[PDB]
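Engineer: input-v4.txt (compact mmCIF, N, CA and C atoms) pasted underneath:
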# COMPACT_ATOMS: atom_id res chain seq x y z
N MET A 1 75.86 -38.92 -4.47
CA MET A 1 76.17 -37.62 -5.16
C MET A 1 75.40 -37.37 -6.48
N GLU A 2 75.29 -36.09 -6.84
CA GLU A 2 74.41 -35.59 -7.92
C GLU A 2 75.03 -35.81 -9.30
N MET A 3 74.22 -36.24 -10.27
CA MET A 3 74.73 -36.63 -11.60
C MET A 3 75.58 -35.55 -12.27
N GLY A 4 75.08 -34.31 -12.26
CA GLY A 4 75.81 -33.16 -12.79
C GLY A 4 77.22 -33.04 -12.24
N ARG A 5 77.33 -33.04 -10.91
CA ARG A 5 78.64 -32.99 -10.25
C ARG A 5 79.46 -34.23 -10.59
N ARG A 6 78.81 -35.39 -10.64
CA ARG A 6 79.49 -36.62 -11.02
C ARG A 6 80.14 -36.45 -12.38
N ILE A 7 79.33 -35.99 -13.35
CA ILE A 7 79.82 -35.67 -14.68
C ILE A 7 81.04 -34.77 -14.61
N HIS A 8 81.00 -33.75 -13.75
CA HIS A 8 82.10 -32.81 -13.64
C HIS A 8 83.35 -33.49 -13.06
N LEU A 9 83.12 -34.42 -12.14
CA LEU A 9 84.19 -35.15 -11.47
C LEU A 9 84.85 -36.10 -12.46
N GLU A 10 84.04 -36.93 -13.12
CA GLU A 10 84.51 -37.87 -14.15
C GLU A 10 85.35 -37.21 -15.26
N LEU A 11 84.96 -36.00 -15.63
CA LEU A 11 85.55 -35.29 -16.75
C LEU A 11 86.97 -34.85 -16.41
N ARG A 12 87.25 -34.64 -15.13
CA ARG A 12 88.54 -34.11 -14.68
C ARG A 12 89.16 -33.09 -15.65
N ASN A 13 88.42 -32.00 -15.87
CA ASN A 13 88.86 -30.84 -16.65
C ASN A 13 89.18 -31.03 -18.14
N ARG A 14 88.84 -32.20 -18.69
CA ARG A 14 88.82 -32.38 -20.13
C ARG A 14 87.58 -31.69 -20.64
N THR A 15 87.64 -31.19 -21.87
CA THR A 15 86.49 -30.60 -22.53
C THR A 15 85.62 -31.76 -23.01
N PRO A 16 84.28 -31.60 -22.92
CA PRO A 16 83.37 -32.73 -23.21
C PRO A 16 83.57 -33.36 -24.59
N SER A 17 84.01 -32.58 -25.57
CA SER A 17 84.20 -33.13 -26.91
C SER A 17 85.40 -34.09 -27.06
N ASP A 18 86.25 -34.18 -26.03
CA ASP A 18 87.41 -35.07 -26.05
C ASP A 18 87.13 -36.45 -25.47
N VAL A 19 85.93 -36.62 -24.90
CA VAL A 19 85.64 -37.79 -24.08
C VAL A 19 84.96 -38.94 -24.84
N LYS A 20 85.54 -40.13 -24.72
CA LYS A 20 85.06 -41.32 -25.44
C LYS A 20 84.34 -42.31 -24.54
N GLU A 21 84.35 -42.06 -23.24
CA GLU A 21 83.77 -42.96 -22.23
C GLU A 21 83.33 -42.17 -21.00
N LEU A 22 82.15 -42.49 -20.49
CA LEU A 22 81.59 -41.79 -19.35
C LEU A 22 80.83 -42.77 -18.47
N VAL A 23 81.26 -42.88 -17.21
CA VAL A 23 80.62 -43.76 -16.24
C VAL A 23 80.05 -42.94 -15.09
N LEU A 24 78.73 -42.97 -14.97
CA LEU A 24 78.01 -42.20 -13.96
C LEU A 24 77.28 -43.07 -12.93
N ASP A 25 77.56 -44.37 -12.94
CA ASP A 25 76.87 -45.32 -12.06
C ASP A 25 76.75 -44.82 -10.63
N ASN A 26 75.56 -45.02 -10.07
CA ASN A 26 75.27 -44.75 -8.67
C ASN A 26 75.16 -43.27 -8.29
N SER A 27 75.22 -42.37 -9.26
CA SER A 27 74.91 -40.97 -8.99
C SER A 27 73.39 -40.76 -8.98
N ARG A 28 72.94 -39.54 -8.68
CA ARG A 28 71.50 -39.25 -8.66
C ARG A 28 71.06 -38.47 -9.91
N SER A 29 70.12 -39.03 -10.66
CA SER A 29 69.50 -38.32 -11.80
C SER A 29 68.64 -37.21 -11.23
N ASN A 30 68.42 -36.14 -12.00
CA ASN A 30 67.54 -35.07 -11.54
C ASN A 30 66.11 -35.56 -11.62
N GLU A 31 65.63 -36.11 -10.50
CA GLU A 31 64.29 -36.66 -10.39
C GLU A 31 63.94 -37.59 -11.56
N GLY A 32 64.86 -38.47 -11.94
CA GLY A 32 64.57 -39.45 -12.97
C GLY A 32 64.97 -39.11 -14.39
N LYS A 33 65.39 -37.87 -14.62
CA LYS A 33 65.89 -37.46 -15.94
C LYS A 33 67.38 -37.17 -15.88
N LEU A 34 68.06 -37.42 -17.00
CA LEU A 34 69.48 -37.11 -17.15
C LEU A 34 69.73 -35.62 -16.99
N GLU A 35 70.81 -35.27 -16.30
CA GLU A 35 71.15 -33.89 -16.08
C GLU A 35 72.57 -33.76 -16.57
N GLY A 36 72.87 -32.67 -17.25
CA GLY A 36 74.25 -32.35 -17.60
C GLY A 36 74.89 -33.08 -18.76
N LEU A 37 74.12 -33.93 -19.45
CA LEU A 37 74.57 -34.51 -20.71
C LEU A 37 74.05 -33.67 -21.87
N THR A 38 74.94 -33.24 -22.75
CA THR A 38 74.59 -32.32 -23.84
C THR A 38 75.19 -32.83 -25.15
N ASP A 39 74.82 -32.22 -26.28
CA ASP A 39 75.32 -32.74 -27.57
C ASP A 39 76.77 -32.32 -27.88
N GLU A 40 77.45 -31.78 -26.87
CA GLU A 40 78.86 -31.44 -26.99
C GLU A 40 79.76 -32.65 -26.86
N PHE A 41 79.20 -33.73 -26.32
CA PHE A 41 79.88 -35.01 -26.24
C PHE A 41 79.84 -35.71 -27.60
N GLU A 42 80.49 -35.10 -28.58
CA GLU A 42 80.43 -35.57 -29.96
C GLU A 42 81.33 -36.78 -30.22
N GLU A 43 82.17 -37.12 -29.25
CA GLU A 43 83.10 -38.23 -29.39
C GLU A 43 82.78 -39.38 -28.43
N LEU A 44 81.64 -39.26 -27.74
CA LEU A 44 81.22 -40.25 -26.74
C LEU A 44 80.79 -41.58 -27.35
N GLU A 45 81.43 -42.67 -26.93
CA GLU A 45 81.19 -43.96 -27.54
C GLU A 45 80.59 -44.94 -26.56
N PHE A 46 80.86 -44.72 -25.27
CA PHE A 46 80.34 -45.60 -24.23
C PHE A 46 79.86 -44.77 -23.04
N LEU A 47 78.57 -44.88 -22.75
CA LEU A 47 77.92 -44.18 -21.64
C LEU A 47 77.25 -45.16 -20.68
N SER A 48 77.64 -45.06 -19.42
CA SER A 48 77.12 -45.92 -18.36
C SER A 48 76.40 -45.08 -17.30
N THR A 49 75.10 -45.28 -17.14
CA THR A 49 74.37 -44.65 -16.06
C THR A 49 73.54 -45.71 -15.33
N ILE A 50 74.24 -46.71 -14.78
CA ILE A 50 73.64 -47.77 -13.95
C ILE A 50 73.17 -47.18 -12.61
N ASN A 51 71.95 -47.56 -12.22
CA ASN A 51 71.38 -47.27 -10.91
C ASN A 51 71.41 -45.79 -10.52
N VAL A 52 70.80 -44.96 -11.37
CA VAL A 52 70.75 -43.51 -11.10
C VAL A 52 69.32 -43.01 -10.89
N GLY A 53 68.38 -43.93 -10.69
CA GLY A 53 66.99 -43.55 -10.51
C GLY A 53 66.33 -42.94 -11.75
N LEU A 54 66.78 -43.33 -12.95
CA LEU A 54 66.14 -42.89 -14.19
C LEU A 54 64.70 -43.39 -14.36
N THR A 55 63.82 -42.47 -14.73
CA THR A 55 62.42 -42.77 -15.08
C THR A 55 62.14 -42.61 -16.57
N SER A 56 63.01 -41.87 -17.26
CA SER A 56 62.80 -41.47 -18.65
C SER A 56 64.12 -41.10 -19.31
N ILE A 57 64.22 -41.38 -20.60
CA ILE A 57 65.40 -41.01 -21.38
C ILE A 57 65.02 -39.95 -22.40
N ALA A 58 63.85 -39.34 -22.21
CA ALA A 58 63.31 -38.35 -23.14
C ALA A 58 64.29 -37.21 -23.46
N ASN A 59 65.19 -36.90 -22.53
CA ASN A 59 66.14 -35.80 -22.69
C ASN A 59 67.56 -36.28 -22.95
N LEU A 60 67.70 -37.36 -23.73
CA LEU A 60 68.99 -37.76 -24.31
C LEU A 60 69.40 -36.71 -25.38
N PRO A 61 70.67 -36.25 -25.36
CA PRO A 61 71.12 -35.33 -26.40
C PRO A 61 71.58 -36.09 -27.63
N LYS A 62 71.84 -35.36 -28.72
CA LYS A 62 72.39 -35.99 -29.92
C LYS A 62 73.79 -36.52 -29.59
N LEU A 63 73.97 -37.82 -29.78
CA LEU A 63 75.23 -38.51 -29.51
C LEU A 63 75.50 -39.47 -30.69
N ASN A 64 76.05 -38.91 -31.76
CA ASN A 64 76.19 -39.63 -33.03
C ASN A 64 77.22 -40.72 -33.02
N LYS A 65 78.10 -40.70 -32.04
CA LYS A 65 79.17 -41.66 -32.05
C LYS A 65 78.99 -42.71 -30.97
N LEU A 66 77.87 -42.63 -30.24
CA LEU A 66 77.58 -43.53 -29.13
C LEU A 66 77.36 -44.95 -29.63
N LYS A 67 78.08 -45.89 -29.02
CA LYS A 67 78.06 -47.28 -29.48
C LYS A 67 77.45 -48.20 -28.44
N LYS A 68 77.76 -47.96 -27.16
CA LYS A 68 77.36 -48.84 -26.05
C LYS A 68 76.70 -48.02 -24.95
N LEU A 69 75.44 -48.34 -24.66
CA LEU A 69 74.64 -47.60 -23.68
C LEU A 69 74.20 -48.54 -22.57
N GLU A 70 74.69 -48.27 -21.37
CA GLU A 70 74.38 -49.03 -20.17
C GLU A 70 73.31 -48.31 -19.33
N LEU A 71 72.10 -48.84 -19.29
CA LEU A 71 71.04 -48.28 -18.43
C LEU A 71 70.51 -49.25 -17.37
N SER A 72 71.31 -50.27 -17.04
CA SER A 72 70.95 -51.26 -16.04
C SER A 72 70.37 -50.65 -14.76
N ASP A 73 69.45 -51.38 -14.12
CA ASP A 73 69.03 -51.06 -12.75
C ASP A 73 68.43 -49.65 -12.60
N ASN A 74 67.50 -49.32 -13.49
CA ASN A 74 66.70 -48.12 -13.37
C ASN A 74 65.23 -48.46 -13.58
N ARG A 75 64.39 -47.44 -13.65
CA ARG A 75 62.95 -47.63 -13.77
C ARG A 75 62.38 -47.08 -15.10
N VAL A 76 63.20 -47.06 -16.15
CA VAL A 76 62.75 -46.69 -17.50
C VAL A 76 61.66 -47.66 -18.00
N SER A 77 60.57 -47.11 -18.54
CA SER A 77 59.45 -47.94 -19.03
C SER A 77 58.94 -47.67 -20.46
N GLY A 78 59.54 -46.72 -21.17
CA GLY A 78 59.07 -46.35 -22.51
C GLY A 78 59.83 -45.20 -23.12
N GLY A 79 59.31 -44.68 -24.23
CA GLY A 79 60.00 -43.63 -24.97
C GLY A 79 61.30 -44.09 -25.62
N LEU A 80 61.39 -45.36 -26.00
CA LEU A 80 62.63 -45.89 -26.57
C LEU A 80 62.87 -45.44 -27.99
N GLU A 81 61.88 -44.78 -28.58
CA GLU A 81 62.01 -44.23 -29.93
C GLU A 81 63.05 -43.09 -30.01
N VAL A 82 63.35 -42.49 -28.85
CA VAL A 82 64.38 -41.46 -28.70
C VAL A 82 65.76 -41.98 -29.11
N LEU A 83 66.00 -43.27 -28.87
CA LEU A 83 67.30 -43.91 -29.13
C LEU A 83 67.70 -43.86 -30.61
N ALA A 84 66.76 -44.24 -31.48
CA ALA A 84 67.03 -44.27 -32.91
C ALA A 84 67.25 -42.85 -33.41
N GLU A 85 66.73 -41.88 -32.64
CA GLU A 85 66.76 -40.48 -33.02
C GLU A 85 68.03 -39.82 -32.55
N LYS A 86 68.43 -40.15 -31.33
CA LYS A 86 69.47 -39.39 -30.67
C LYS A 86 70.84 -40.07 -30.70
N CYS A 87 70.85 -41.39 -30.83
CA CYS A 87 72.10 -42.13 -30.96
C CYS A 87 71.95 -43.30 -31.95
N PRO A 88 71.80 -42.97 -33.24
CA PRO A 88 71.46 -43.93 -34.30
C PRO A 88 72.46 -45.07 -34.50
N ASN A 89 73.70 -44.89 -34.05
CA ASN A 89 74.75 -45.87 -34.34
C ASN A 89 74.96 -46.88 -33.23
N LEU A 90 74.01 -46.93 -32.31
CA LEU A 90 74.10 -47.80 -31.15
C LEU A 90 74.19 -49.26 -31.58
N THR A 91 75.17 -49.99 -31.04
CA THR A 91 75.29 -51.43 -31.29
C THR A 91 75.00 -52.30 -30.06
N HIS A 92 75.23 -51.76 -28.85
CA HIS A 92 75.02 -52.47 -27.56
C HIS A 92 74.15 -51.70 -26.59
N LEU A 93 73.01 -52.28 -26.22
CA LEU A 93 72.10 -51.63 -25.29
C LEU A 93 71.81 -52.56 -24.12
N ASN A 94 72.05 -52.08 -22.90
CA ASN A 94 71.68 -52.85 -21.70
C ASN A 94 70.52 -52.18 -20.97
N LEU A 95 69.35 -52.84 -21.01
CA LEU A 95 68.17 -52.37 -20.28
C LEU A 95 67.80 -53.25 -19.08
N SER A 96 68.66 -54.19 -18.70
CA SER A 96 68.42 -55.06 -17.55
C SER A 96 67.83 -54.31 -16.36
N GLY A 97 66.99 -55.00 -15.60
CA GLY A 97 66.46 -54.47 -14.36
C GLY A 97 65.51 -53.30 -14.53
N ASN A 98 65.19 -52.96 -15.77
CA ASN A 98 64.26 -51.86 -15.99
C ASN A 98 62.82 -52.33 -16.04
N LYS A 99 61.90 -51.37 -16.12
CA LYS A 99 60.47 -51.67 -16.17
C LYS A 99 59.98 -51.81 -17.63
N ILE A 100 60.64 -52.69 -18.37
CA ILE A 100 60.26 -52.99 -19.74
C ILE A 100 59.32 -54.20 -19.72
N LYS A 101 58.04 -53.97 -20.03
CA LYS A 101 57.02 -54.96 -19.67
C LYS A 101 56.52 -55.84 -20.79
N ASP A 102 56.71 -55.40 -22.02
CA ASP A 102 56.10 -56.09 -23.15
C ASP A 102 56.82 -55.81 -24.47
N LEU A 103 56.38 -56.46 -25.55
CA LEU A 103 56.95 -56.23 -26.88
C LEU A 103 56.68 -54.82 -27.37
N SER A 104 55.51 -54.28 -27.06
CA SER A 104 55.16 -52.99 -27.61
C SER A 104 56.19 -51.93 -27.25
N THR A 105 56.78 -52.05 -26.06
CA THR A 105 57.70 -51.02 -25.61
C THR A 105 59.11 -51.17 -26.18
N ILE A 106 59.52 -52.38 -26.56
CA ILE A 106 60.84 -52.52 -27.21
C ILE A 106 60.82 -52.45 -28.73
N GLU A 107 59.63 -52.40 -29.31
CA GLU A 107 59.44 -52.23 -30.74
C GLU A 107 60.15 -51.01 -31.36
N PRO A 108 60.04 -49.82 -30.74
CA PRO A 108 60.77 -48.71 -31.32
C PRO A 108 62.24 -48.98 -31.59
N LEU A 109 62.81 -50.03 -30.99
CA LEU A 109 64.21 -50.38 -31.27
C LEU A 109 64.47 -51.04 -32.63
N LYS A 110 63.44 -51.36 -33.42
CA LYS A 110 63.71 -51.84 -34.77
C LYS A 110 64.28 -50.76 -35.69
N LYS A 111 64.18 -49.50 -35.27
CA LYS A 111 64.77 -48.40 -36.02
C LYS A 111 66.26 -48.20 -35.70
N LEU A 112 66.75 -48.91 -34.70
CA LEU A 112 68.18 -48.93 -34.41
C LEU A 112 68.85 -49.93 -35.33
N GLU A 113 69.27 -49.45 -36.50
CA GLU A 113 69.75 -50.31 -37.57
C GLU A 113 71.01 -51.12 -37.24
N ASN A 114 71.84 -50.58 -36.34
CA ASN A 114 73.11 -51.19 -36.03
C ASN A 114 73.10 -51.96 -34.72
N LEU A 115 71.93 -52.05 -34.09
CA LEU A 115 71.83 -52.79 -32.84
C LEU A 115 72.23 -54.25 -33.08
N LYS A 116 73.27 -54.68 -32.37
CA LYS A 116 73.83 -56.02 -32.48
C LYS A 116 73.45 -56.82 -31.24
N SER A 117 73.43 -56.15 -30.09
CA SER A 117 73.39 -56.82 -28.81
C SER A 117 72.45 -56.10 -27.81
N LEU A 118 71.51 -56.85 -27.21
CA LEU A 118 70.50 -56.30 -26.27
C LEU A 118 70.33 -57.15 -25.01
N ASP A 119 70.33 -56.50 -23.85
CA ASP A 119 70.09 -57.20 -22.59
C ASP A 119 68.80 -56.73 -21.88
N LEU A 120 67.99 -57.68 -21.43
CA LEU A 120 66.78 -57.35 -20.71
C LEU A 120 66.61 -58.17 -19.42
N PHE A 121 67.72 -58.53 -18.78
CA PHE A 121 67.65 -59.43 -17.63
C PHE A 121 66.69 -58.90 -16.56
N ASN A 122 65.92 -59.80 -15.95
CA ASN A 122 65.02 -59.44 -14.85
C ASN A 122 63.88 -58.49 -15.24
N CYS A 123 63.74 -58.19 -16.53
CA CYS A 123 62.61 -57.40 -17.00
C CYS A 123 61.38 -58.30 -17.10
N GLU A 124 60.20 -57.72 -16.94
CA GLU A 124 58.96 -58.48 -16.96
C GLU A 124 58.68 -59.17 -18.31
N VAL A 125 59.12 -58.55 -19.41
CA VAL A 125 58.93 -59.07 -20.76
C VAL A 125 59.62 -60.43 -20.89
N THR A 126 60.69 -60.61 -20.13
CA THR A 126 61.42 -61.87 -19.96
C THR A 126 60.55 -63.09 -19.57
N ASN A 127 59.34 -62.85 -19.05
CA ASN A 127 58.42 -63.91 -18.59
C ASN A 127 57.60 -64.55 -19.69
N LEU A 128 57.69 -63.97 -20.89
CA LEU A 128 56.88 -64.38 -22.03
C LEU A 128 57.18 -65.78 -22.54
N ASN A 129 56.13 -66.56 -22.76
CA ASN A 129 56.20 -67.76 -23.60
C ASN A 129 57.03 -67.41 -24.82
N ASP A 130 57.98 -68.26 -25.16
CA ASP A 130 58.87 -67.98 -26.31
C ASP A 130 59.29 -66.51 -26.40
N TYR A 131 59.87 -66.05 -25.30
CA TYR A 131 60.36 -64.71 -25.19
C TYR A 131 61.49 -64.45 -26.18
N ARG A 132 62.43 -65.39 -26.26
CA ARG A 132 63.58 -65.22 -27.17
C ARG A 132 63.16 -65.21 -28.64
N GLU A 133 62.29 -66.14 -29.03
CA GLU A 133 61.82 -66.15 -30.40
C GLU A 133 61.07 -64.85 -30.76
N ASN A 134 60.19 -64.39 -29.86
CA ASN A 134 59.43 -63.15 -30.10
C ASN A 134 60.34 -61.94 -30.30
N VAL A 135 61.30 -61.76 -29.42
CA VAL A 135 62.20 -60.62 -29.57
C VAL A 135 63.04 -60.66 -30.86
N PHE A 136 63.55 -61.83 -31.22
CA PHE A 136 64.28 -61.96 -32.48
C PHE A 136 63.37 -61.72 -33.70
N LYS A 137 62.09 -62.13 -33.62
CA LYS A 137 61.10 -61.81 -34.66
C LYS A 137 60.98 -60.31 -34.81
N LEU A 138 60.89 -59.64 -33.66
CA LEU A 138 60.60 -58.22 -33.60
C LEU A 138 61.77 -57.38 -34.10
N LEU A 139 62.97 -57.80 -33.73
CA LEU A 139 64.18 -57.06 -34.02
C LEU A 139 65.10 -57.99 -34.80
N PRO A 140 64.82 -58.16 -36.09
CA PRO A 140 65.55 -59.15 -36.90
C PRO A 140 67.03 -58.79 -37.15
N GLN A 141 67.43 -57.58 -36.78
CA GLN A 141 68.83 -57.16 -36.94
C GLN A 141 69.75 -57.60 -35.78
N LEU A 142 69.16 -58.00 -34.66
CA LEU A 142 69.89 -58.46 -33.47
C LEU A 142 70.55 -59.82 -33.68
N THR A 143 71.79 -59.94 -33.20
CA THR A 143 72.44 -61.24 -33.05
C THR A 143 72.39 -61.74 -31.60
N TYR A 144 72.69 -60.87 -30.64
CA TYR A 144 72.76 -61.29 -29.24
C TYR A 144 71.67 -60.71 -28.36
N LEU A 145 71.05 -61.59 -27.57
CA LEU A 145 70.06 -61.21 -26.60
C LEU A 145 70.38 -61.90 -25.30
N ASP A 146 70.53 -61.12 -24.23
CA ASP A 146 70.86 -61.64 -22.88
C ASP A 146 72.06 -62.59 -22.89
N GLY A 147 72.98 -62.29 -23.79
CA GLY A 147 74.29 -62.91 -23.82
C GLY A 147 74.39 -64.07 -24.80
N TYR A 148 73.27 -64.45 -25.39
CA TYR A 148 73.25 -65.71 -26.11
C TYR A 148 72.94 -65.65 -27.61
N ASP A 149 73.75 -66.42 -28.34
CA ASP A 149 73.39 -67.06 -29.60
C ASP A 149 74.53 -67.54 -30.49
In structure tokens, what does this structure look like?

Structural biologist:
Amino acid sequence: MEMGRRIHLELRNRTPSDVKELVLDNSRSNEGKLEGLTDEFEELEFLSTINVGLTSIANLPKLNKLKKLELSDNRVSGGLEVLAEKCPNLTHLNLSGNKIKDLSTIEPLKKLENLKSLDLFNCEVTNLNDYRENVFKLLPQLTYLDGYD
């Protein structure tokens, strides 16, 4: 089923500004981009869009209260600078299973000042000699990476 309709189903007639949690796993993104998420979700704290065929997060809306973002099992490969811009208060980010290939692409996350916890399981960057040391060098504000420390 389609992400927009999924959003409508999940909401069950609550107005978007009342919602603190949204799970869209296994719905279909509009050809790889988020559909139907808008900046009216001003109270949204946890957003899950696992396995929705995402290619890009370029069209994330302003979500000032967003704390935990689940993007597991998609094909996102860049444009992570949007995160610091659109959801600055993020503390938990899951990018597992995505096409995150190197340090250069996760660098824009140093602007996420409150990032506490990051997952990159099964990502290609995970193959790096001293992968854990490099990521902690890069993002000195992080405490947890792939569940550990």

Engineer: Return as AutoDock Vina command-line options the centre and edge lengths, in Å with one decimal, of the box along x, y and z that encloses every atom of range 48-52 of chain A in the file, padded by 4 Å per side.

Structural biologist:
--center_x 73.5 --center_y -45.4 --center_z -15.0 --size_x 16.3 --size_y 12.8 --size_z 16.9

Engineer: Set the distance at 7 Å and use only N, CA and C atoms: which residues neighbour residue 93 in chain A once local chain neighbours fewer than 6 positions away are removed? I'd like the list as a PyMOL selection string.

Structural biologist: chain A and resi 67-71+115-120

Engineer: Determine which residues of chain A DSSP labels as alpha helix (DSSP H) from the backbone of this structure, then write them out as a ChimeraX atom specification.

Structural biologist: /A:3-11,81-86,103-106,131-138

Engineer: Those same residues - N, CA and C atoms - I'd like them written as a PDB file, keeping the file's coordinate frame.

Structural biologist:
ATOM      1  N   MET A   3      74.220 -36.240 -10.270  1.00  0.00           N
ATOM      2  CA  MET A   3      74.730 -36.630 -11.600  1.00  0.00           C
ATOM      3  C   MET A   3      75.580 -35.550 -12.270  1.00  0.00           C
ATOM      4  N   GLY A   4      75.080 -34.310 -12.260  1.00  0.00           N
ATOM      5  CA  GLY A   4      75.810 -33.160 -12.790  1.00  0.00           C
ATOM      6  C   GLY A   4      77.220 -33.040 -12.240  1.00  0.00           C
ATOM      7  N   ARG A   5      77.330 -33.040 -10.910  1.00  0.00           N
ATOM      8  CA  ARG A   5      78.640 -32.990 -10.250  1.00  0.00           C
ATOM      9  C   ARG A   5      79.460 -34.230 -10.590  1.00  0.00           C
ATOM     10  N   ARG A   6      78.810 -35.390 -10.640  1.00  0.00           N
ATOM     11  CA  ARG A   6      79.490 -36.620 -11.020  1.00  0.00           C
ATOM     12  C   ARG A   6      80.140 -36.450 -12.380  1.00  0.00           C
ATOM     13  N   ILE A   7      79.330 -35.990 -13.350  1.00  0.00           N
ATOM     14  CA  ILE A   7      79.820 -35.670 -14.680  1.00  0.00           C
ATOM     15  C   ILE A   7      81.040 -34.770 -14.610  1.00  0.00           C
ATOM     16  N   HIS A   8      81.000 -33.750 -13.750  1.00  0.00           N
ATOM     17  CA  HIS A   8      82.100 -32.810 -13.640  1.00  0.00           C
ATOM     18  C   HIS A   8      83.350 -33.490 -13.060  1.00  0.00           C
ATOM     19  N   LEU A   9      83.120 -34.420 -12.140  1.00  0.00           N
ATOM     20  CA  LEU A   9      84.190 -35.150 -11.470  1.00  0.00           C
ATOM     21  C   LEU A   9      84.850 -36.100 -12.460  1.00  0.00           C
ATOM     22  N   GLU A  10      84.040 -36.930 -13.120  1.00  0.00           N
ATOM     23  CA  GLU A  10      84.510 -37.870 -14.150  1.00  0.00           C
ATOM     24  C   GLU A  10      85.350 -37.210 -15.260  1.00  0.00           C
ATOM     25  N   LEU A  11      84.960 -36.000 -15.630  1.00  0.00           N
ATOM     26  CA  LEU A  11      85.550 -35.290 -16.750  1.00  0.00           C
ATOM     27  C   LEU A  11      86.970 -34.850 -16.410  1.00  0.00           C
ATOM     28  N   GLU A  81      61.880 -44.780 -28.580  1.00  0.00           N
ATOM     29  CA  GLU A  81      62.010 -44.230 -29.930  1.00  0.00           C
ATOM     30  C   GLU A  81      63.050 -43.090 -30.010  1.00  0.00           C
ATOM     31  N   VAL A  82      63.350 -42.490 -28.850  1.00  0.00           N
ATOM     32  CA  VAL A  82      64.380 -41.460 -28.700  1.00  0.00           C
ATOM     33  C   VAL A  82      65.760 -41.980 -29.110  1.00  0.00           C
ATOM     34  N   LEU A  83      66.000 -43.270 -28.870  1.00  0.00           N
ATOM     35  CA  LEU A  83      67.300 -43.910 -29.130  1.00  0.00           C
ATOM     36  C   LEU A  83      67.700 -43.860 -30.610  1.00  0.00           C
ATOM     37  N   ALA A  84      66.760 -44.240 -31.480  1.00  0.00           N
ATOM     38  CA  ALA A  84      67.030 -44.270 -32.910  1.00  0.00           C
ATOM     39  C   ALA A  84      67.250 -42.850 -33.410  1.00  0.00           C
ATOM     40  N   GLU A  85      66.730 -41.880 -32.640  1.00  0.00           N
ATOM     41  CA  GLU A  85      66.760 -40.480 -33.020  1.00  0.00           C
ATOM     42  C   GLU A  85      68.030 -39.820 -32.550  1.00  0.00           C
ATOM     43  N   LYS A  86      68.430 -40.150 -31.330  1.00  0.00           N
ATOM     44  CA  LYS A  86      69.470 -39.390 -30.670  1.00  0.00           C
ATOM     45  C   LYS A  86      70.840 -40.070 -30.700  1.00  0.00           C
ATOM     46  N   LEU A 103      56.380 -56.460 -25.550  1.00  0.00           N
ATOM     47  CA  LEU A 103      56.950 -56.230 -26.880  1.00  0.00           C
ATOM     48  C   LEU A 103      56.680 -54.820 -27.370  1.00  0.00           C
ATOM     49  N   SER A 104      55.510 -54.280 -27.060  1.00  0.00           N
ATOM     50  CA  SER A 104      55.160 -52.990 -27.610  1.00  0.00           C
ATOM     51  C   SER A 104      56.190 -51.930 -27.250  1.00  0.00           C
ATOM     52  N   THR A 105      56.780 -52.050 -26.060  1.00  0.00           N
ATOM     53  CA  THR A 105      57.700 -51.020 -25.610  1.00  0.00           C
ATOM     54  C   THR A 105      59.110 -51.170 -26.180  1.00  0.00           C
ATOM     55  N   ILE A 106      59.520 -52.380 -26.560  1.00  0.00           N
ATOM     56  CA  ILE A 106      60.840 -52.520 -27.210  1.00  0.00           C
ATOM     57  C   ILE A 106      60.820 -52.450 -28.730  1.00  0.00           C
ATOM     58  N   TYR A 131      59.870 -66.050 -25.300  1.00  0.00           N
ATOM     59  CA  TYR A 131      60.360 -64.710 -25.190  1.00  0.00           C
ATOM     60  C   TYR A 131      61.490 -64.450 -26.180  1.00  0.00           C
ATOM     61  N   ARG A 132      62.430 -65.390 -26.260  1.00  0.00           N
ATOM     62  CA  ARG A 132      63.580 -65.220 -27.170  1.00  0.00           C
ATOM     63  C   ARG A 132      63.160 -65.210 -28.640  1.00  0.00           C
ATOM     64  N   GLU A 133      62.290 -66.140 -29.030  1.00  0.00           N
ATOM     65  CA  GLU A 133      61.820 -66.150 -30.400  1.00  0.00           C
ATOM     66  C   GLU A 133      61.070 -64.850 -30.760  1.00  0.00           C
ATOM     67  N   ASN A 134      60.190 -64.390 -29.860  1.00  0.00           N
ATOM     68  CA  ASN A 134      59.430 -63.150 -30.100  1.00  0.00           C
ATOM     69  C   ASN A 134      60.340 -61.940 -30.300  1.00  0.00           C
ATOM     70  N   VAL A 135      61.300 -61.760 -29.420  1.00  0.00           N
ATOM     71  CA  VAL A 135      62.200 -60.620 -29.570  1.00  0.00           C
ATOM     72  C   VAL A 135      63.040 -60.660 -30.860  1.00  0.00           C
ATOM     73  N   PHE A 136      63.550 -61.830 -31.220  1.00  0.00           N
ATOM     74  CA  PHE A 136      64.280 -61.960 -32.480  1.00  0.00           C
ATOM     75  C   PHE A 136      63.370 -61.720 -33.700  1.00  0.00           C
ATOM     76  N   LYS A 137      62.090 -62.130 -33.620  1.00  0.00           N
ATOM     77  CA  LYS A 137      61.100 -61.810 -34.660  1.00  0.00           C
ATOM     78  C   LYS A 137      60.980 -60.310 -34.810  1.00  0.00           C
ATOM     79  N   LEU A 138      60.890 -59.640 -33.660  1.00  0.00           N
ATOM     80  CA  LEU A 138      60.600 -58.220 -33.600  1.00  0.00           C
ATOM     81  C   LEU A 138      61.770 -57.380 -34.100  1.00  0.00           C
TER      82      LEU A 138
END

Engineer: Write out as an NGL selection string the residues lying within 6 Å of range 53-66 of chain A, counting all atoms listed in the file and excluding same-chain residues fewer than 3 positions away.

Structural biologist: :A and (28-29 or 31-34 or 37-39 or 41-46 or 74-77 or 86-91)

Engineer: Closest to residue 145 in chain A among A:103, A:72, A:130, A:121, using only N, CA and C atoms?

Structural biologist: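 With only N, CA and C atoms as the atom set, the closest residue is A:121.
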
Engineer: Which one is closest to residue 30 in chain A: A:52, A:125, A:7, A:100? Count all atoms listed in the file.

Structural biologist: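 That would be A:52, the residue with the smallest distance to residue 30 in chain A.
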
Engineer: Pick from A:133, A:73, A:20, A:15: nearest to residue 94 in chain A, with all atoms listed in the file counted?

Structural biologist: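 Of the candidates, the smallest distance to residue 94 in chain A is held by A:73.
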